[PDB]
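**Q** Below are the structure tokens for one structure; questions will follow.
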Amino acid sequence: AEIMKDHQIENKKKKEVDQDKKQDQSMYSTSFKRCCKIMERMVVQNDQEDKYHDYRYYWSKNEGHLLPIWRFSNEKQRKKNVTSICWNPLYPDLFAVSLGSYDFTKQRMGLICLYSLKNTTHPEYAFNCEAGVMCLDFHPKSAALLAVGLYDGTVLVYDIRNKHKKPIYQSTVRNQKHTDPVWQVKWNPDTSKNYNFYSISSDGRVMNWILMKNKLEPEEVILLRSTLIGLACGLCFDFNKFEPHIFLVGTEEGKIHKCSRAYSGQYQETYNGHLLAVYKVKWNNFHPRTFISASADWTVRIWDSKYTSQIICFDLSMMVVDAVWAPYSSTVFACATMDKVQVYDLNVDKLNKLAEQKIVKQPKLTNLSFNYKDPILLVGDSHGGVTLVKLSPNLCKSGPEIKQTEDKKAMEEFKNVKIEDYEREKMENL
Amino acid sequence: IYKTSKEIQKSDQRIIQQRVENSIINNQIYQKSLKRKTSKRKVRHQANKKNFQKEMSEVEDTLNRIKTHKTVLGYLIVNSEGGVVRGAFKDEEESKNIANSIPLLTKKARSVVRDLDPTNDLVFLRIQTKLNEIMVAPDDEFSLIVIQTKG
Amino acid sequence: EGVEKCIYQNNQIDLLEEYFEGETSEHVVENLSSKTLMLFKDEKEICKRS
Amino acid sequence: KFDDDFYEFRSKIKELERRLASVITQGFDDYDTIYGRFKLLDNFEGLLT
């Protein structure tokens with residue numbers, strides 16, 4: 001205290017106005033709130049200690065084992081479907097799943113819930129929306145920025161930091177918001193031009209949204225556009241990490257189209273392999289010009305951008321809902337179909353699925369997501385329950401010899417090299 | 001006109017209370033408290049009022065949720081001055097004993113942490129007994145104590 | 001061994017971290033606003049004077 | 001050999017022209033006035049590909 005008196009710089013704040021009010025709810029608010037939040041997690045931690053100990057290190061030859069650990073769901077939100085799932089770039093523990101309503105004929109309000117790994121009893125953040133949220137995404141540079149896509153094409157921007165929880169930005173008829181439903185929404189990595197928002201509507205008009213002050217500016221990147229009436233419907237869109245200009249957009253028609261930001265009215269290439277609408281198209285990690293697409297027709301196909309046809313096609317009796325590449329290692333992907341989730345590694349097996357599991361018997365899986373930080377897969381049920389399953393240690397990169405050649409470059413180069421070698425083998429077979 | 005005048009006065013009072021509230025939804029606990037303090041001329045009515053004595057679900061809601069959680073005997077808040085702000089236990093004797101005995105141990109425990117490093121201050125303390133686990137969260141304004149049976 | 005067992009449980013998750021602690025809302029849309037402070041007008045002038 | 005280079009060069013000019021069409025279209029929408037849009041046309045009067 002004497003030292004503070006000696007040096008009167010930045011006098012301590014936190015003036016004791018406090019809460020007062022005498023009775024009927026004195027104090028019980030910010031320093032005390034942190035203690036209560038810590039206490040709730042500690043009580044949950046003791047009960048879930050057996051599960052928590054297994055999650056930290058249970059440690060799960062061509063075999064795969066998947067174990068569901070916890071399921072997060074709300075009885076009130078049981079009608080809502082899981083739909084889009086995302087993980088904050090800044091914190092591996094925080095992942096947000098935005099509930100949405102499928103089947104079209106039945107429409108209900110969708111609640112966006114961010115579930116922290118520390119507390120699984122209830123969502124860390126709860127958001128109420130007029131219509132079900134089709135897609136939810138997090139900006140890579142800032143965890144707080146959140147992109148939300150809802151029915152009637154409304155685009156919602158939410159900041160986690162804001163206490164009020166009202167949408168930071170919205171899309172209106174004057175802002176040229178697209179019609180139908182925006183199935184896929186993504187955040188552009190580049191921050192030079194403020195913040196760029198990419199949204200693909202059911203009508204089929206790629207929309208680029210730039211954050212402004214009390215206003216949003218929308219720019220149409222491309223038009224889906226043949227003896228047919230109206231614009232082609234697009235159910236998904238993805239941007240190659242290696243090249244920003246080239247982006248792949250899926251369509252309801254069933255033909256995947258590679259697109260370039262520079263040419264609004266031109267298509268770089270078109271793939272006619274799929275016979276039904278492709279639910280999700282994603283570029284493979286650690287390699288360029290390669291991607292995996294999941295379609296309504298129950299087949300999963302891996303394509304090469306240079307080629308006009310899918311290099312490998314996987315047939316599943318149950319309809320395929322979505323396919324996601326593994327962030328940790330290339331040539332690893334997970335497909336969830338009719339309560340069955342299957343993970344395939346090209347090196348481990350040419351065609352046979354390494355592992356097949358059913359995390360929840362009662363509900364169909366709306367969507368599945370992959371965590372970059374650890375080998376944990378999030379699966380979303382039809383009832384909105386979200387369950388995370390940790391993958392086995394049998395599948396790993398640089399597996400022929402452990403710690404062989406000591407190549408730091410190989411983690412981001414040998415994986416790229418391995419897919420090319422695998423790709424060459426497919427060409428020889430065909 | 002006297003009644004009319006009275007009505008007008010009431011209206012005026014109501015307006016003053018609002019200001020920040022701006023009518024609309026019943027909203028906020030903090031706002032209500034402020035109104036009660038500063039001006040006590042008028043109270044109640046105005047709008048729906050949501051749920052009575054529920055200014056904020058989040059700290060109050062979280063405390064209710066932990067109490068509802070299975071295997072938790074109860075959560076008792078201890079006032080900085082050896083007092084029970086809120087008590088939630090099956091037997092008064094256990095709550096009364098916990099209310100006086102637990103804070104004294106935490107203060108003694110805080111000093112033990114304090115002796116090793118002066119800058120370091122107690123953030124959370126957990127004592128595990130053979131049959132029960134005791135968790136105490138200490139803050140200058142309030143202390144939160146929860147007893148949960150080990151699984 | 002008992003001390004080691006305690007170390008493993010705490011190591012799994014920090015359990016005290018606060019997501020987005022401290023940092024505020026940052027950018028927040030602001031509407032431009034105009035507030036008339038006062039009005040000055042001539043009184044009982046013949047006709048009107050601009 | 002020169003003819004093969006020309007075809008490769010022909011694609012490059014088309015790529016250059018395609019980018020110009022996009023930037024030119026964005027600028028016309030942005031001005032929002034007949035006088036402003038016309039001024040842009042005069043600048044690119046000899047630049048039409």
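Numbering starts fresh at 1 for the residues of each chain in the structure tokens, the chains themselves are lettered A, B, ... in the order given, and ligands are numbered from 1 as they appear.
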So that I can see what lies close to residue 41 in chain C, please list as a PDB file with N, CA, C and O atoms, in the first residue's frame the residues with an atom at most 12 Å from it, counting only C-alpha atoms and leaving out residues fewer than 5 positions away in the same chain.

**A**
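In the end it all went to result_12.pdb:
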```
ATOM      1  N   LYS C  48     -42.670  37.298 -43.276  1.00  0.00           N
ATOM      2  CA  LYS C  48     -41.625  36.390 -42.750  1.00  0.00           C
ATOM      3  C   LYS C  48     -40.261  36.850 -43.270  1.00  0.00           C
ATOM      4  O   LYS C  48     -40.223  37.450 -44.359  1.00  0.00           O
ATOM      5  N   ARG C  49     -39.197  36.639 -42.492  1.00  0.00           N
ATOM      6  CA  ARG C  49     -37.840  37.034 -42.951  1.00  0.00           C
ATOM      7  C   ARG C  49     -36.949  35.791 -42.976  1.00  0.00           C
ATOM      8  O   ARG C  49     -36.763  35.184 -41.910  1.00  0.00           O
ATOM      9  N   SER C  50     -36.410  35.455 -44.147  1.00  0.00           N
ATOM     10  CA  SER C  50     -35.529  34.267 -44.302  1.00  0.00           C
ATOM     11  C   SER C  50     -34.166  34.542 -43.664  1.00  0.00           C
ATOM     12  O   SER C  50     -33.680  35.681 -43.784  1.00  0.00           O
TER      13      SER C  50
END
```

**Q** Could you please select, counting only C-alpha atoms, the residues of chain B within 10 Å of chain A and state them as a PDB file with N, CA, C and O atoms, in the first residue's frame?

**A**
```
ATOM      1  N   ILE B  29     -32.944  -6.645 -14.083  1.00  0.00           N
ATOM      2  CA  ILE B  29     -32.854  -6.642 -12.627  1.00  0.00           C
ATOM      3  C   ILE B  29     -32.150  -5.386 -12.121  1.00  0.00           C
ATOM      4  O   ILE B  29     -32.791  -4.370 -11.856  1.00  0.00           O
ATOM      5  N   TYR B  30     -31.021  -5.058 -12.739  1.00  0.00           N
ATOM      6  CA  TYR B  30     -30.252  -3.882 -12.351  1.00  0.00           C
ATOM      7  C   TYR B  30     -31.094  -2.614 -12.453  1.00  0.00           C
ATOM      8  O   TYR B  30     -31.752  -2.217 -11.493  1.00  0.00           O
ATOM      9  N   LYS B  32     -34.357  -2.264 -12.378  1.00  0.00           N
ATOM     10  CA  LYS B  32     -35.386  -2.267 -11.344  1.00  0.00           C
ATOM     11  C   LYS B  32     -34.826  -1.793 -10.007  1.00  0.00           C
ATOM     12  O   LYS B  32     -34.846  -0.601  -9.701  1.00  0.00           O
ATOM     13  N   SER B  33     -33.671  -2.333  -9.630  1.00  0.00           N
ATOM     14  CA  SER B  33     -33.028  -1.968  -8.374  1.00  0.00           C
ATOM     15  C   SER B  33     -32.757  -0.468  -8.310  1.00  0.00           C
ATOM     16  O   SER B  33     -33.592   0.304  -7.842  1.00  0.00           O
ATOM     17  N   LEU B  34     -32.198   0.073  -9.388  1.00  0.00           N
ATOM     18  CA  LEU B  34     -31.885   1.496  -9.455  1.00  0.00           C
ATOM     19  C   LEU B  34     -33.134   2.345  -9.238  1.00  0.00           C
ATOM     20  O   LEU B  34     -33.462   2.705  -8.108  1.00  0.00           O
ATOM     21  N   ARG B  36     -35.943   1.579  -7.723  1.00  0.00           N
ATOM     22  CA  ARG B  36     -36.387   1.464  -6.339  1.00  0.00           C
ATOM     23  C   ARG B  36     -35.593   2.391  -5.425  1.00  0.00           C
ATOM     24  O   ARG B  36     -35.973   3.543  -5.212  1.00  0.00           O
ATOM     25  N   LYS B  37     -34.272   2.374  -5.578  1.00  0.00           N
ATOM     26  CA  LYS B  37     -33.398   3.214  -4.768  1.00  0.00           C
ATOM     27  C   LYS B  37     -33.753   4.688  -4.919  1.00  0.00           C
ATOM     28  O   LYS B  37     -34.574   5.219  -4.167  1.00  0.00           O
ATOM     29  N   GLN B  53     -39.237 -11.546  -8.786  1.00  0.00           N
ATOM     30  CA  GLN B  53     -37.980 -11.774  -8.013  1.00  0.00           C
ATOM     31  C   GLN B  53     -36.954 -12.561  -8.840  1.00  0.00           C
ATOM     32  O   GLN B  53     -36.261 -13.415  -8.253  1.00  0.00           O
ATOM     33  N   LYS B  54     -36.887 -12.306 -10.150  1.00  0.00           N
ATOM     34  CA  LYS B  54     -35.897 -12.982 -11.031  1.00  0.00           C
ATOM     35  C   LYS B  54     -35.246 -11.932 -11.937  1.00  0.00           C
ATOM     36  O   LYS B  54     -35.475 -11.990 -13.162  1.00  0.00           O
ATOM     37  N   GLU B  55     -34.456 -11.020 -11.358  1.00  0.00           N
ATOM     38  CA  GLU B  55     -33.808  -9.950 -12.162  1.00  0.00           C
ATOM     39  C   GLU B  55     -32.832 -10.566 -13.170  1.00  0.00           C
ATOM     40  O   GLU B  55     -32.887 -10.175 -14.352  1.00  0.00           O
ATOM     41  N   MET B  56     -31.996 -11.513 -12.728  1.00  0.00           N
ATOM     42  CA  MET B  56     -31.029 -12.169 -13.650  1.00  0.00           C
ATOM     43  C   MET B  56     -31.011 -13.683 -13.416  1.00  0.00           C
ATOM     44  O   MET B  56     -30.737 -14.100 -12.276  1.00  0.00           O
ATOM     45  N   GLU B  58     -28.311 -14.832 -14.552  1.00  0.00           N
ATOM     46  CA  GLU B  58     -27.450 -15.985 -14.931  1.00  0.00           C
ATOM     47  C   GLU B  58     -26.817 -16.576 -13.669  1.00  0.00           C
ATOM     48  O   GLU B  58     -26.802 -17.818 -13.545  1.00  0.00           O
ATOM     49  N   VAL B  59     -26.352 -15.723 -12.754  1.00  0.00           N
ATOM     50  CA  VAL B  59     -25.712 -16.216 -11.500  1.00  0.00           C
ATOM     51  C   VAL B  59     -26.747 -17.011 -10.698  1.00  0.00           C
ATOM     52  O   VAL B  59     -26.410 -18.115 -10.236  1.00  0.00           O
ATOM     53  N   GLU B  60     -27.967 -16.482 -10.585  1.00  0.00           N
ATOM     54  CA  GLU B  60     -29.045 -17.178  -9.826  1.00  0.00           C
ATOM     55  C   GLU B  60     -29.384 -18.498 -10.527  1.00  0.00           C
ATOM     56  O   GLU B  60     -29.522 -19.520  -9.827  1.00  0.00           O
ATOM     57  N   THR B  62     -27.461 -20.351 -12.555  1.00  0.00           N
ATOM     58  CA  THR B  62     -26.342 -21.324 -12.444  1.00  0.00           C
ATOM     59  C   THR B  62     -26.377 -21.987 -11.063  1.00  0.00           C
ATOM     60  O   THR B  62     -26.244 -23.224 -11.006  1.00  0.00           O
ATOM     61  N   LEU B  63     -26.610 -21.200 -10.011  1.00  0.00           N
ATOM     62  CA  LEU B  63     -26.653 -21.740  -8.627  1.00  0.00           C
ATOM     63  C   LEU B  63     -27.802 -22.745  -8.525  1.00  0.00           C
ATOM     64  O   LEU B  63     -27.609 -23.808  -7.908  1.00  0.00           O
ATOM     65  N   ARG B  65     -29.047 -24.542 -10.939  1.00  0.00           N
ATOM     66  CA  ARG B  65     -28.652 -25.723 -11.752  1.00  0.00           C
ATOM     67  C   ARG B  65     -27.688 -26.632 -10.981  1.00  0.00           C
ATOM     68  O   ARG B  65     -27.913 -27.856 -10.985  1.00  0.00           O
ATOM     69  N   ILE B  66     -26.679 -26.064 -10.319  1.00  0.00           N
ATOM     70  CA  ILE B  66     -25.707 -26.916  -9.570  1.00  0.00           C
ATOM     71  C   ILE B  66     -26.440 -27.636  -8.431  1.00  0.00           C
ATOM     72  O   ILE B  66     -26.153 -28.823  -8.201  1.00  0.00           O
ATOM     73  N   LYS B  67     -27.371 -26.947  -7.761  1.00  0.00           N
ATOM     74  CA  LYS B  67     -28.146 -27.565  -6.654  1.00  0.00           C
ATOM     75  C   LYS B  67     -28.978 -28.725  -7.213  1.00  0.00           C
ATOM     76  O   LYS B  67     -29.005 -29.794  -6.577  1.00  0.00           O
ATOM     77  N   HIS B  69     -28.283 -30.486  -9.845  1.00  0.00           N
ATOM     78  CA  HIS B  69     -27.363 -31.538 -10.349  1.00  0.00           C
ATOM     79  C   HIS B  69     -27.277 -32.678  -9.327  1.00  0.00           C
ATOM     80  O   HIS B  69     -27.193 -32.395  -8.118  1.00  0.00           O
ATOM     81  N   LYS B  70     -27.268 -33.921  -9.824  1.00  0.00           N
ATOM     82  CA  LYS B  70     -27.244 -35.152  -8.983  1.00  0.00           C
ATOM     83  C   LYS B  70     -25.918 -35.267  -8.219  1.00  0.00           C
ATOM     84  O   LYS B  70     -24.897 -34.748  -8.718  1.00  0.00           O
ATOM     85  N   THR B  71     -25.977 -35.864  -7.017  1.00  0.00           N
ATOM     86  CA  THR B  71     -24.833 -36.139  -6.096  1.00  0.00           C
ATOM     87  C   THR B  71     -24.319 -34.856  -5.434  1.00  0.00           C
ATOM     88  O   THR B  71     -23.213 -34.908  -4.870  1.00  0.00           O
ATOM     89  N   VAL B  72     -25.094 -33.769  -5.461  1.00  0.00           N
ATOM     90  CA  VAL B  72     -24.651 -32.514  -4.787  1.00  0.00           C
ATOM     91  C   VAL B  72     -25.532 -32.316  -3.549  1.00  0.00           C
ATOM     92  O   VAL B  72     -26.753 -32.158  -3.727  1.00  0.00           O
ATOM     93  N   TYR B  75     -25.316 -26.089  -1.983  1.00  0.00           N
ATOM     94  CA  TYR B  75     -24.324 -25.003  -2.193  1.00  0.00           C
ATOM     95  C   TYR B  75     -24.695 -23.832  -1.278  1.00  0.00           C
ATOM     96  O   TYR B  75     -25.774 -23.244  -1.462  1.00  0.00           O
ATOM     97  N   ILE B  77     -23.678 -20.055   0.184  1.00  0.00           N
ATOM     98  CA  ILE B  77     -22.839 -18.839  -0.037  1.00  0.00           C
ATOM     99  C   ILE B  77     -22.489 -18.255   1.334  1.00  0.00           C
ATOM    100  O   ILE B  77     -23.414 -18.037   2.134  1.00  0.00           O
ATOM    101  N   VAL B  85     -25.371 -15.888   3.178  1.00  0.00           N
ATOM    102  CA  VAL B  85     -26.195 -15.099   2.217  1.00  0.00           C
ATOM    103  C   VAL B  85     -27.337 -16.000   1.742  1.00  0.00           C
ATOM    104  O   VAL B  85     -28.492 -15.534   1.719  1.00  0.00           O
ATOM    105  N   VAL B 123      -7.495 -18.714  -5.568  1.00  0.00           N
ATOM    106  CA  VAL B 123      -8.481 -18.641  -6.687  1.00  0.00           C
ATOM    107  C   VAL B 123      -9.588 -19.663  -6.417  1.00  0.00           C
ATOM    108  O   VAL B 123     -10.769 -19.304  -6.560  1.00  0.00           O
ATOM    109  N   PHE B 124      -9.202 -20.895  -6.071  1.00  0.00           N
ATOM    110  CA  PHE B 124     -10.170 -21.971  -5.736  1.00  0.00           C
ATOM    111  C   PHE B 124      -9.502 -22.975  -4.789  1.00  0.00           C
ATOM    112  O   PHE B 124      -8.315 -23.273  -4.991  1.00  0.00           O
ATOM    113  N   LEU B 125     -10.257 -23.510  -3.824  1.00  0.00           N
ATOM    114  CA  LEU B 125      -9.708 -24.518  -2.874  1.00  0.00           C
ATOM    115  C   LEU B 125     -10.641 -25.730  -2.805  1.00  0.00           C
ATOM    116  O   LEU B 125     -11.849 -25.521  -2.622  1.00  0.00           O
ATOM    117  N   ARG B 126     -10.102 -26.950  -2.890  1.00  0.00           N
ATOM    118  CA  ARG B 126     -10.956 -28.166  -2.827  1.00  0.00           C
ATOM    119  C   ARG B 126     -10.404 -29.143  -1.780  1.00  0.00           C
ATOM    120  O   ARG B 126      -9.233 -29.537  -1.910  1.00  0.00           O
ATOM    121  N   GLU B 133     -16.648 -34.752  -0.691  1.00  0.00           N
ATOM    122  CA  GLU B 133     -15.678 -33.808  -1.301  1.00  0.00           C
ATOM    123  C   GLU B 133     -16.192 -32.388  -1.049  1.00  0.00           C
ATOM    124  O   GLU B 133     -17.366 -32.139  -1.356  1.00  0.00           O
ATOM    125  N   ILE B 134     -15.348 -31.500  -0.522  1.00  0.00           N
ATOM    126  CA  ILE B 134     -15.798 -30.106  -0.241  1.00  0.00           C
ATOM    127  C   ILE B 134     -15.068 -29.147  -1.184  1.00  0.00           C
ATOM    128  O   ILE B 134     -13.828 -29.161  -1.192  1.00  0.00           O
ATOM    129  N   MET B 135     -15.816 -28.334  -1.927  1.00  0.00           N
ATOM    130  CA  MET B 135     -15.197 -27.364  -2.866  1.00  0.00           C
ATOM    131  C   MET B 135     -15.593 -25.955  -2.428  1.00  0.00           C
ATOM    132  O   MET B 135     -16.804 -25.706  -2.283  1.00  0.00           O
ATOM    133  N   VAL B 136     -14.614 -25.072  -2.230  1.00  0.00           N
ATOM    134  CA  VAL B 136     -14.937 -23.680  -1.802  1.00  0.00           C
ATOM    135  C   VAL B 136     -14.303 -22.692  -2.779  1.00  0.00           C
ATOM    136  O   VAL B 136     -13.083 -22.767  -2.981  1.00  0.00           O
ATOM    137  N   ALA B 137     -15.104 -21.776  -3.329  1.00  0.00           N
ATOM    138  CA  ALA B 137     -14.563 -20.743  -4.238  1.00  0.00           C
ATOM    139  C   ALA B 137     -14.530 -19.433  -3.447  1.00  0.00           C
ATOM    140  O   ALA B 137     -15.603 -18.976  -3.024  1.00  0.00           O
ATOM    141  N   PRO B 138     -13.350 -18.818  -3.222  1.00  0.00           N
ATOM    142  CA  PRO B 138     -13.254 -17.600  -2.430  1.00  0.00           C
ATOM    143  C   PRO B 138     -13.028 -16.303  -3.213  1.00  0.00           C
ATOM    144  O   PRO B 138     -12.130 -16.245  -4.032  1.00  0.00           O
ATOM    145  N   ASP B 139     -13.871 -15.307  -2.933  1.00  0.00           N
ATOM    146  CA  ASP B 139     -13.781 -13.944  -3.524  1.00  0.00           C
ATOM    147  C   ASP B 139     -13.904 -12.941  -2.369  1.00  0.00           C
ATOM    148  O   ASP B 139     -14.445 -13.321  -1.309  1.00  0.00           O
ATOM    149  N   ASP B 140     -13.385 -11.724  -2.527  1.00  0.00           N
ATOM    150  CA  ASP B 140     -13.463 -10.774  -1.387  1.00  0.00           C
ATOM    151  C   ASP B 140     -14.929 -10.480  -1.048  1.00  0.00           C
ATOM    152  O   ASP B 140     -15.281 -10.561   0.144  1.00  0.00           O
ATOM    153  N   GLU B 141     -15.758 -10.206  -2.062  1.00  0.00           N
ATOM    154  CA  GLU B 141     -17.191  -9.873  -1.829  1.00  0.00           C
ATOM    155  C   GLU B 141     -17.990 -11.074  -1.300  1.00  0.00           C
ATOM    156  O   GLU B 141     -18.738 -10.883  -0.323  1.00  0.00           O
ATOM    157  N   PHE B 142     -17.822 -12.265  -1.888  1.00  0.00           N
ATOM    158  CA  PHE B 142     -18.612 -13.451  -1.452  1.00  0.00           C
ATOM    159  C   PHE B 142     -17.805 -14.744  -1.614  1.00  0.00           C
ATOM    160  O   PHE B 142     -16.863 -14.780  -2.420  1.00  0.00           O
ATOM    161  N   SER B 143     -18.182 -15.776  -0.854  1.00  0.00           N
ATOM    162  CA  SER B 143     -17.517 -17.105  -0.916  1.00  0.00           C
ATOM    163  C   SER B 143     -18.565 -18.173  -1.259  1.00  0.00           C
ATOM    164  O   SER B 143     -19.620 -18.192  -0.600  1.00  0.00           O
ATOM    165  N   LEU B 144     -18.271 -19.037  -2.231  1.00  0.00           N
ATOM    166  CA  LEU B 144     -19.239 -20.096  -2.636  1.00  0.00           C
ATOM    167  C   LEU B 144     -18.700 -21.454  -2.180  1.00  0.00           C
ATOM    168  O   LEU B 144     -17.558 -21.780  -2.537  1.00  0.00           O
ATOM    169  N   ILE B 145     -19.500 -22.205  -1.420  1.00  0.00           N
ATOM    170  CA  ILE B 145     -19.068 -23.540  -0.908  1.00  0.00           C
ATOM    171  C   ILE B 145     -20.057 -24.608  -1.387  1.00  0.00           C
ATOM    172  O   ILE B 145     -21.266 -24.430  -1.161  1.00  0.00           O
ATOM    173  N   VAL B 146     -19.551 -25.679  -2.004  1.00  0.00           N
ATOM    174  CA  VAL B 146     -20.419 -26.779  -2.512  1.00  0.00           C
ATOM    175  C   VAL B 146     -19.905 -28.116  -1.963  1.00  0.00           C
ATOM    176  O   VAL B 146     -18.694 -28.363  -2.078  1.00  0.00           O
ATOM    177  N   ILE B 147     -20.796 -28.948  -1.419  1.00  0.00           N
ATOM    178  CA  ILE B 147     -20.380 -30.289  -0.912  1.00  0.00           C
ATOM    179  C   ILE B 147     -20.942 -31.340  -1.877  1.00  0.00           C
ATOM    180  O   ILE B 147     -22.172 -31.418  -2.005  1.00  0.00           O
ATOM    181  N   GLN B 148     -20.063 -32.116  -2.516  1.00  0.00           N
ATOM    182  CA  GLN B 148     -20.511 -33.158  -3.481  1.00  0.00           C
ATOM    183  C   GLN B 148     -19.948 -34.518  -3.052  1.00  0.00           C
ATOM    184  O   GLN B 148     -18.721 -34.620  -2.904  1.00  0.00           O
ATOM    185  N   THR B 149     -20.814 -35.522  -2.894  1.00  0.00           N
ATOM    186  CA  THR B 149     -20.335 -36.874  -2.500  1.00  0.00           C
ATOM    187  C   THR B 149     -19.497 -37.447  -3.645  1.00  0.00           C
ATOM    188  O   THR B 149     -19.939 -37.352  -4.804  1.00  0.00           O
ATOM    189  N   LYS B 150     -18.354 -38.054  -3.315  1.00  0.00           N
ATOM    190  CA  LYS B 150     -17.445 -38.652  -4.328  1.00  0.00           C
ATOM    191  C   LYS B 150     -18.168 -39.814  -5.017  1.00  0.00           C
ATOM    192  O   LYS B 150     -18.820 -40.604  -4.309  1.00  0.00           O
ATOM    193  N   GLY B 151     -18.016 -39.930  -6.339  1.00  0.00           N
ATOM    194  CA  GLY B 151     -18.674 -41.006  -7.104  1.00  0.00           C
ATOM    195  C   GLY B 151     -17.873 -42.297  -7.074  1.00  0.00           C
ATOM    196  O   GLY B 151     -16.745 -42.278  -7.601  1.00  0.00           O
TER     197      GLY B 151
END
```

**Q** Determine, counting only C-alpha atoms, which protein, DNA and RNA residues have an atom within 12 Å of an atom of residue 84 in chain B; residues of the same chain fewer than 5 positions away are not included. Present the result as a PyMOL selection string.

**A** chain B and resi 75-79+89+92+95-103+142-145

**Q** Set the distance at 9 Å and use only C-alpha atoms: which residues neighbour range 23-29 of chain D once local chain neighbours fewer than 2 positions away are removed? I'd like the list as number ranges by chain.

**A** A: 262; D: 18-21, 31-33, 36-38, 40-41, 44

**Q** Between A:388, A:335, A:321, A:3, which residue has the minimum interatomic distance to residue 355 in chain A, considering only C-alpha atoms?

**A** A:335

**Q** Using DSSP assignments from the backbone, pull out every residue in chain B that falls under helix (DSSP H, G or I) and give it to me as a VMD selection string.

**A** chain B and resid 3 to 18 29 to 38 57 to 68 92 to 116

**Q** Need the shell around range 25-30 of chain C: protein/DNA/RNA residues with any atom at most 7 Å away, counting only C-alpha atoms. Skip same-chain ones fewer than 3 positions apart. Format as a list in words?

**A**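 Once the adjacent positions are removed, what remains is residues 161, 162, 168, 213 and 214 of chain A.
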
**Q** What are the residues of chain C lining chain B at 12 Å or less? Count only C-alpha atoms, and put the answer as an NGL selection string.

**A** :C and (6 or 15-17)

**Q** How would the residues just picked look written out with C-alpha atoms as a compact mmCIF listing (two decimals), in the first residue's frame?

**A**
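The resulting file, part_17.txt, is reproduced below:
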```txt
# COMPACT_ATOMS: atom_id res chain seq x y z
CA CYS C 6 -3.98 -35.69 -8.82
CA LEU C 15 -10.91 -25.60 -15.90
CA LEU C 16 -10.43 -21.96 -14.91
CA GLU C 17 -9.94 -20.38 -18.31
```

**Q** Quick check, in Å to one decimal: how far apart do CA of residue 370 in chain A and CA of residue 325 in chain A lie?

**A**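 We find that CA of residue 370 in chain A and CA of residue 325 in chain A lie 7.6 Å from each other.
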
**Q** Mind pulling up the distance from CA of residue 417 in chain A to CA of residue 331 in chain A?

**A**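 Atom-to-atom, CA of residue 331 in chain A to CA of residue 417 in chain A, that is 11.2 Å.
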
**Q** I need the chain A residues near chain D as a PDB file with N, CA, C and O atoms, in the first residue's frame; criterion: at most 9 Å, counting only C-alpha atoms.

**A**
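Saved the output as result20.pdb:
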```pdb
ATOM      1  N   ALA A 262     -12.022 -14.272 -59.993  1.00  0.00           N
ATOM      2  CA  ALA A 262     -11.791 -13.288 -61.075  1.00  0.00           C
ATOM      3  C   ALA A 262     -12.895 -13.358 -62.139  1.00  0.00           C
ATOM      4  O   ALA A 262     -13.377 -12.283 -62.539  1.00  0.00           O
ATOM      5  N   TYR A 263     -13.316 -14.558 -62.555  1.00  0.00           N
ATOM      6  CA  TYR A 263     -14.376 -14.644 -63.598  1.00  0.00           C
ATOM      7  C   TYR A 263     -15.745 -14.923 -62.962  1.00  0.00           C
ATOM      8  O   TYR A 263     -16.021 -16.075 -62.588  1.00  0.00           O
ATOM      9  N   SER A 264     -16.568 -13.878 -62.859  1.00  0.00           N
ATOM     10  CA  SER A 264     -17.934 -13.978 -62.280  1.00  0.00           C
ATOM     11  C   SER A 264     -18.855 -14.825 -63.169  1.00  0.00           C
ATOM     12  O   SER A 264     -19.582 -15.677 -62.630  1.00  0.00           O
ATOM     13  N   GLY A 265     -18.785 -14.618 -64.489  1.00  0.00           N
ATOM     14  CA  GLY A 265     -19.683 -15.301 -65.441  1.00  0.00           C
ATOM     15  C   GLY A 265     -19.078 -16.524 -66.110  1.00  0.00           C
ATOM     16  O   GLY A 265     -19.739 -17.078 -67.011  1.00  0.00           O
ATOM     17  N   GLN A 266     -17.882 -16.949 -65.695  1.00  0.00           N
ATOM     18  CA  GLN A 266     -17.255 -18.120 -66.362  1.00  0.00           C
ATOM     19  C   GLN A 266     -16.953 -19.227 -65.344  1.00  0.00           C
ATOM     20  O   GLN A 266     -16.727 -18.907 -64.161  1.00  0.00           O
TER      21      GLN A 266
END
```

**Q** By how many Å are CA of residue 322 in chain A and CA of residue 299 in chain A apart?

**A**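 CA of residue 299 in chain A lies 10.4 Å from CA of residue 322 in chain A.
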
**Q** Rank A:181, A:307, A:7, A:386 by their smallest atom-to-atom distance to residue 113 in chain A, using only C-alpha atoms, and report the top residue only.

**A**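 Selected residue with least distance to residue 113 in chain A: A:386.
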